[PDB]
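# Requesting a structural model of the entry that follows:
(chains A, B, C and D, ligands or ions: 3)
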Amino acid sequence: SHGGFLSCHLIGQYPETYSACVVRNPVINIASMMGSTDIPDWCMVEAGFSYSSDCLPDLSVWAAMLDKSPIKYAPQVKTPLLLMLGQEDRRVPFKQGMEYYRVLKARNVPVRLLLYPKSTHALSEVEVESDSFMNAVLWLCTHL
Amino acid sequence: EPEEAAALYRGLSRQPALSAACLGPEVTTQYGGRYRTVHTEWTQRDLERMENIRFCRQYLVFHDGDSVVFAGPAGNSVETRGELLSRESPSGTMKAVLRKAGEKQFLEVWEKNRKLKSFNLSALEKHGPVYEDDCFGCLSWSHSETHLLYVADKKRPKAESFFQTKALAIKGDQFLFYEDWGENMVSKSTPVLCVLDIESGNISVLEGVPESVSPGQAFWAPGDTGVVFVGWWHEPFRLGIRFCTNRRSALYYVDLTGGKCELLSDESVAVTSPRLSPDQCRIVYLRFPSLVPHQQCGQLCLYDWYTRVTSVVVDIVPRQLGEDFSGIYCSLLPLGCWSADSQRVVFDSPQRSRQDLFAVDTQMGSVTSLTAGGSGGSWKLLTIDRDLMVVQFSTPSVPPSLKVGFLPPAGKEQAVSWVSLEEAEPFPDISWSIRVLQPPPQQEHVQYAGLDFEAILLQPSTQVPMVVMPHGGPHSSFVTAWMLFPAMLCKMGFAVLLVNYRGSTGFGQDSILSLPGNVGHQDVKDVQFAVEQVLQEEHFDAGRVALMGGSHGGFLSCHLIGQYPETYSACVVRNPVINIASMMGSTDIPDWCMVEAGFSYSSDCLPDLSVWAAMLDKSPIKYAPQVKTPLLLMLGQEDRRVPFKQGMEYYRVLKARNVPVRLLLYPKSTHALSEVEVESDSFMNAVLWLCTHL
Amino acid sequence: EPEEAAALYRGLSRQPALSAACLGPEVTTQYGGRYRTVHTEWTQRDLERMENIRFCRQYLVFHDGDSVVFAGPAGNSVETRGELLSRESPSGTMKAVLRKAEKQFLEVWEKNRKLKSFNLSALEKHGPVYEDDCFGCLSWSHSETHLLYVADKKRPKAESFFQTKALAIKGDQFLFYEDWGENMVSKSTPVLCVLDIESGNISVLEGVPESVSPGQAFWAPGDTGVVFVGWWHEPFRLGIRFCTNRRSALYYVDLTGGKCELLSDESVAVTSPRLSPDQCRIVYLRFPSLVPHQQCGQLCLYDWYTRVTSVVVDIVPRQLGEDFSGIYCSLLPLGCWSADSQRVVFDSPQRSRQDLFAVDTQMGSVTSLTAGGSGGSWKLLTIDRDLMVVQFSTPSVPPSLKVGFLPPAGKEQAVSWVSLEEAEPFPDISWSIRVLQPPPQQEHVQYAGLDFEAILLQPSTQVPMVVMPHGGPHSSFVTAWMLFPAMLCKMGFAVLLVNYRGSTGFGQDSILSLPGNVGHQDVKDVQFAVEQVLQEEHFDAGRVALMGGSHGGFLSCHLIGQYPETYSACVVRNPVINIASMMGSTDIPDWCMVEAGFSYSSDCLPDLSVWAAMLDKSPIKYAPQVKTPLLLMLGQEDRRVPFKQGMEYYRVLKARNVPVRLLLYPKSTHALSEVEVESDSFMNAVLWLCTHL
Amino acid sequence: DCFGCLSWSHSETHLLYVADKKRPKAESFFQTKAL
Ligand SMILES: *C(=O)[C@@H]([C@@H]1N=C(C(=O)O)[C@@H](S[C@@H]2CN[C@H](C(=O)N(C)C)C2)[C@@H]1C)[C@@H](C)O
Ligand SMILES: *C(=O)[C@@H]([C@@H]1N=C(C(=O)O)[C@@H](S[C@@H]2CN[C@H](C(=O)N(C)C)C2)[C@@H]1C)[C@@H](C)O
Ligand SMILES: *C(=O)[C@@H]([C@@H]1N=C(C(=O)O)[C@@H](S[C@@H]2CN[C@H](C(=O)N(C)C)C2)[C@@H]1C)[C@@H](C)O
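Numbers count the residues shown, from 1 in each chain, chains lettered A, B, ... in the order given. Ligands and ions are numbered 1, 2, ... in the order given. Please see the structure below:
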């Protein structure tokens, strides 16, 4: 979630420190998340503006949102990454991870993507939880 | 009145439409006469069962030489269930059918009054589900009539969980992501070519297809030595393919055994619809030379099998080539399109506001119109065999009808005589006409000067209210054919105006290329000018004008109610485009937003402030605060080309300001809303909204 | 060899069979030619989908008014799904279809359009529609404005005593409703329904007597009323399927008012009425005795305007010439009248053949249209404007389709058949007919001089033989295409099918000879036929086997019990084992009383003498003597012959330590007709026979 | 645990809880009716 956002920022801004990364449902582009999330005021508040139900698009605001998102640093990434998305998540739409995945794949960076068609943000079902934990452990033990 | 509207819809929806036709072998009699049979397939809506039913019918044609002497029916209609694909053999003695039953998929071979053979594809376990669409699917007979060729999904390795219990597969791969080809292509990721031997019943998957292409539209090469197919590039990722002709692809030939594959055309443009000639010496196909627009004017090209020479038979038309031809705009050719001499080809294409039939000589390059002149109408060519054509004809006030004809010899194709096989009853209370519009001086394009456009007006045969419809696309158009909803509106007392603004297909390549980079400014003004001219000319009631549109047509309607708030009294939209910038990151065709905004598209892009501002400046949401027209919104929750959150954002903006809005959400429908129940419900709701608010 | 047998079965089961045919309207040409279309329906087994599939085909016939000039195909076959009944209109312009899709829909088609559709379930005027040949029907009005059919009567709603209602009769949920027996599950009381096409309204006719079940209805002349057949169901119902001895009568009822009148006698059985093209007279079949389940019948005629009834064709004791022996069909073709409204055509068994006959209703003469030759089986599917469509087959030739023209009166024997669809013969099978004369010690006390027949198939000595008696016992074998006998013949066996005294098609004396003698006269006829055939063809006497079902299994058990040294193997299907125990559990209790030699009464009570006779006539009495290995195959849901009879026989044999193999099908009836069950049973039987000989 | 609850009255004779609001029934424009 907000913790996957930070991890992508870290691997984009410090390309030498880390050698592996796993993210479940990261926030990737704050500007494009506003129109699809169930809590649009979160995007406004965390970017430094006041939310209003009558507010319309304003290019000045949309500039701040883009400058604070990890996608901006995509071209500098080299760390192998594992993505695990839930297709029914309503707070963080799963297209967010897809954009990052496409950007990384266009540059031949090693990426592994798992998609759970019936899971929400938490991936809390026993089968999904066990499979995701096993895959993450295997990734970490192999790439280190 | 809901009851009267329901009765009218019941009456209008009963008219069926043609889907396919084929011809049988010739038969001789001891008296010397000659006749042959025609097989046709029809589809019809059924409101009691709430489903689309499909049935078959057969006809008889007695001919003496190259002339039709008599035609008649040969029995009653028979309903069918579970047929995906079917193809008669070259000699006409056997028939191959793909069916779903049980569900499982079966391949059946019929001869006369017996089902000779059946194969259970699921049990053999050599591949996945078979493709039945028109993009990749096919079903072809060998020239020896011993083998069959088709396309099916590639087999995936078995996977299992880390914690399975075994009795006293790759672990962890159950949820690996497989990318599919987009809207109306759910679960279709990578096809493969499959060959079935009828005698032995063994299935093989051909080897040698390049790893980075998806194959399709395959047929047997001369001598049955190999297979010719079209490959679409899917690296680094797939872009929506349905309803687009600008996807990079090429033509390949592959040997039956060995793995050798050779390229037969260029590899930088789009190609489609290859057809081998009856003499087996040449191939004709369609080529689109730029990848920018989703629909455009195309070229007709020819390839010689034995000399290996490629040539251009028909080239791009900038504005017009005479008064009858304006370019090639069809996305496919008929399955049977060659004349008996293996020198001429026949097809159908839009031409301004009509749809006509054309014959092309592949040696000289001349194009001849077979249906020129008259008031108008829409023709469709279903097949040709031994110089006998089967066609469908319709107009805005006449449901589809079936005809047959003989293609005259070279140089006299305009003297064709049509014979009727199945006629339809007209509706004399609808009258239709075509209007031509010339943009005013202040609206001329900087580089393409002098373009004009058109509209189609239907009216009963200042008192009459009017409804305005722009088409989607934006590179599409309306043609003077049978349309259910406009006919219903006309029979309820409305007048209907369908607008083909600059950028529509069938008016030259200049019209196609004039629109990009100007969406939201040029088309809106074209529609407004047409509305004003029609109002001033026919003297309709200016206080009862309404709008109705889907997809890009909804985008235009929202723009219009936002920029001219005092002109329209009601509006109905379906799956509209509302915010291009936010749409870019969620649609299956991201290149469309960039192209229509006025920029080039490339993979490995990145968000930029300038491009995002340009996209935001062209969106109808910017005018939301000015709107005061009552609005009805209808959305499909599973639409993948236009996500349903655009309409939700528009709805929230309007709701926060106390504007009257009515929202309907269909949780299992796509962009089309083509299911019988959903379609009927949406049409009834729209008609009631229009009648109540005007 | 299981693989070779499976391949042979796959090859043989591919041949389709005809089920129905109809003719279309005549069409003229500017050149003067005249042609018309023929619509046919076929059915075929599919082993991959394990199901019976049905498809349709169409043909064209060009004629000159009295002769066929050309015939040809008019397209490919089209498979169909969910069609229960269908009927073309009198003028040939519309078509009515009953479909299931589950719900039931009545549809009307005209050219390339599904004009109308009606959802019967939603209207809620009746229950499921009848689709069988006993009660079901679907008829057009002469004005082509109304439709008539038959459906189950609506039952009042019921609910439990403890239902919870939001803030019907209580206790009637499990009331018993009696049905009509085997292959008639859940069918209790039908009713006549009329649908008006223009308005959409359904009505249930009033005036049917409370104590009858109506069926086989059609519109009366002038569309004033309806003519139907009513079967008595008091005090309780007896099995109706495959029986022609159920009491019934013919009734006419007005459309509105409730007046109902009787048109025939009320003490015998009547069936199969057909109105003439001119709408002046009606023919039907009458059976005057209720004792036997099949017998010789009469053909009777009724005049609409004079109200006079007469007998056109009467019972035949032994024979009427060398070509006719009586009427033994249970139904007439839907279209059976000549264009002059004076002659009728039908098909019937005749000794060991099945022939076509034409009858003049004014003079009463019967003429055979297919007399002479080696044999064969014909079936007439329809006639319209003097054009007949027929199916033909033989033991070594699968079914074929032909058309013909009926010659004028006095010359019907000169008919010329034109082939529409031919089948490929099997030249490795040869068949013949044998005649057998019982010896002096086996003559009947009252019917002296009767002889019987057998059909012998063989490849074209050390040849093994398989013997088959038919069920019934009032039934028979005819020289037609039979799948299993052909499969056996193609594997190297010889096959002998026996028509013992009491079979249909040999006169009423043969029918009446058997009752009261089951287990004695039928067992000795079969044994005599086997002995006679063995000594003449010089087959291997040490490799003779038996195979039979129902009454044929009863005979086979009797034979292996009374002649333990003659047969080396035996296969039976749903056999009758103990008549006395059968009486109290079957759906046709009168059969046990009649075949044992007594009369049946609805108020009968158990008696010692009758029970003793039934026990003395049962094969179980010979169980201790049996030593032949046995394969027994039973269907658990059979209602005419409960599956406990075979269980008792199996228990006795097992307790005596005899080799036995038992198969039980938990969802099958007496026929074992499902594709999977049928194939499994045939393969098991073939393997048993091959291994044990 | 945002809206749901289950409560006893002090007299212990009544119960209180929360549930979704009832919605009026609807039907298609083409539904067939029992004659
Ligand atoms: C991701 O961080 C998005 C949202 N913020 C949340 C947070 O507070 O961490 C989560 S919900 C929260 C986390 N664990 C609990 C939980 O998920 N369940 C009990 C199911 C509560 C939420 C996805 C953030 C970007 O808004
Ligand atoms: C909306 O217009 C979006 C896309 N453009 C379309 C168009 O060409 O009109 C449609 S698809 C096309 C229109 N009618 C056909 C159809 O819908 N079916 C056959 C189901 C094909 C498409 C959603 C545009 C904004 O991208
Ligand atoms: C067994 O023979 C029992 C009954 N008599 C029969 C007979 O006539 O042979 C059968 S029904 C008859 C035979 N073949 C047809 C058939 O089985 N189907 C169409 C399914 C009809 C019946 C069980 C006898 C002991 O009563």
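# Any part of the helix or strand hosting residue A:66 near chain B?
Assessed by DSSP states H and E, residue A:66 sits inside helix A:59-67. Yes. Judged by Cβ under 8 Å from any Cβ of the partner chain, helix A:59-67 comes into contact with chain B at A:59, A:62, A:63, A:66. Where C-beta positions appear, they are placed from N, C-alpha and C, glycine not excepted.
# Return the distance of the second one relative to chain C.
In this structure, residue A:62 lies at 54 Å from chain C, with Cβ to the nearest Cβ, to the nearest Å as the measure.
# Leaving out sequence neighbours, find the closest residue to that residue.
Leaving aside its chain neighbours, residue A:62 sits nearest to residue A:31 (5.4 Å; criterion: Cβ to Cβ, 6 or more residues apart in numbering or on different chains).
# Tell me if I am right that that neighbour is in a strand.
No. Residue A:31 is assigned helix when assessed by DSSP: H, G, I helix; E, B strand; the rest coil, not a strand.
# hang on, it packs against residue A:64?
No. Applying Cβ atoms under 8 Å, one finds residue A:31 not in contact with residue A:64, separated by 9.0 Å.
# Tell me which of those two has more neighbours.
In this view residue A:31 and residue A:64 are compared by other Cβ atoms under 10 Å in any protein chain shown, and residue A:31 has more residues nearby, 24 against 13.
# picking that back up, list the contacts for the residue nearest to residue A:62?
Contact analysis of residue A:31 by Cβ atoms under 8 Å, 6 or more residues apart in numbering or on different chains lists A:43, A:62, A:65, A:66, A:69, B:581, B:607, B:612.
# and with 6 Å instead?
A:62, A:65, A:66 (Cβ atoms under 6 Å, 6 or more residues apart in numbering or on different chains).
# you'd agree the second one is up against residue A:47?
Spelled out, it's residue A:65. Yes. With contacts defined as Cβ atoms under 6 Å, residue A:65 counts as touching residue A:47 at a distance of 5.3 Å.
# List the buried residues of the helix holding residue A:66.
A:61, A:62, A:65, A:66 (16 or more other Cβ atoms under 10 Å in any protein chain shown).
# Give me the residues contacting that helix.
A:30, A:31, A:47, A:49, B:607, B:609, B:613.
# just the residues you listed that are near ligand 3?
The subset of the contacts of helix A:59-67 within reach of ligand 3, by Cβ under 6 Å from any ligand atom, is empty.
# and residue A:15, what is it in contact with?
A:76, A:78 are the contacts of residue A:15 under Cβ under 6 Å, 6+ apart.
# still on that earlier bit, determine which two of the contacts of helix A:59-67 are furthest apart.
Longest distance between any two of those is 18.5 Å, between A:49 and B:607; criterion Cβ to Cβ.
# does the most centrally placed residue in chain A sit in a helix or strand, and which one?
Nearest to the mean C-alpha position of chain A, by Cα atoms, centre = their mean, lies residue A:26 at 2.4 Å. Following DSSP H and E, one finds residue A:26 outside all helices and strands.
# helix or strand for the closest residue to it other than its chain neighbours, which one?
Leaving aside its sequence neighbours, residue A:26 sits nearest to residue A:4 (Cβ to Cβ, 6+ apart; 2.9 Å). Taking DSSP H and E as the criterion, residue A:4 maps to helix A:2-13.
# near ligand 1 at all, the helix holding residue A:66?
No. Helix A:59-67 is not in contact with ligand 1 by Cβ under 6 Å from any ligand atom; minimum separation 13.9 Å.
# chain center to the next helix-or-strand element following that helix: distance?
Next helix or strand after helix A:59-67 toward the C-terminus (DSSP H and E): strand A:81-86. A distance of 9 Å separates the centroid of the chain from that of strand A:81-86, by Cα atoms, centre = their mean, to the nearest Å.
# interface residues of chain A facing ligand 1?
A:1, A:2, A:27, A:42, A:91, A:92, A:121, A:122.
# Mind checking which of those residues are buried?
Members of those classed as buried by 16+ other Cβ under 10 Å are A:27, A:42, A:92, A:121.
# Which helix or strand contains the second one?
When you say that, I think you mean residue A:42. helix A:40-47.
# how big is the angle separating that helix from helix B:645-655?
90 degrees (axes from the mean of the first three to the mean of the last three Cα atoms, to 10 degrees).
# Whether helix A:40-47 contacts chain B - can you check?
No. Helix A:40-47 does not reach chain B (Cβ under 6 Å from any Cβ of the partner chain); its nearest approach is 9.2 Å.
# Flag every buried residue along that helix.
A:40, A:42, A:43, A:44, A:47.
# if we can go back for a sec, settle this for me: the residue nearest to residue A:26 is touching residue A:28, isn't it.
No. Between residue A:4 and residue A:28 there is no contact under Cβ under 6 Å: 8.5 Å.
# Burial check on the residue in chain A positioned nearest to chain D, number of neighbours?
Nearest residue of chain A to chain D, counting by Cβ to the nearest Cβ: residue A:38, 14.0 Å away. Number of residues near residue A:38 (other Cβ under 10 Å) recorded here: 10.
# Return the residues in contact with the residue nearest to the centre of chain A.
A:4, A:5, A:8.
# Repeat the analysis, applying 10 Å as the threshold.
With contact set as Cβ atoms under 10 Å, 6 or more residues apart in numbering or on different chains, residue A:26 has these partners: A:1-9, A:70, A:83, A:85, A:92, A:96-97, A:100.
# before we move on, what about residue A:120?
Residues in contact with residue A:120 (Cβ under 10 Å, 6+ apart) are A:25, A:86, A:87, A:88, A:89, A:90, A:91, A:128.
# repeat that with 8 Å
Residue A:120 neighbours (Cβ under 8 Å, 6+ apart): A:86, A:88, A:89, A:90.
# What is the three-state secondary structure of it?
Recorded secondary structure, residue A:120: coil (three-state DSSP).
# now swap in the one 4 residues further on and tell me
On the three-state scheme (three-state DSSP), residue A:124 is labelled coil.
# tally of neighbours for it?
10.
# picking up where we left off before, shared neighbours of residue A:65 and residue A:47, which are they?
residue A:30.
# burial of the residue nearest to residue A:44 when sequence neighbours are not counted, as a residue count?
Once flanking residues are discounted, residue A:44 sits nearest to residue A:51: 4.1 Å by Cβ to Cβ, 6+ apart. For residue A:51, the neighbour count with other Cβ under 10 Å is 12.
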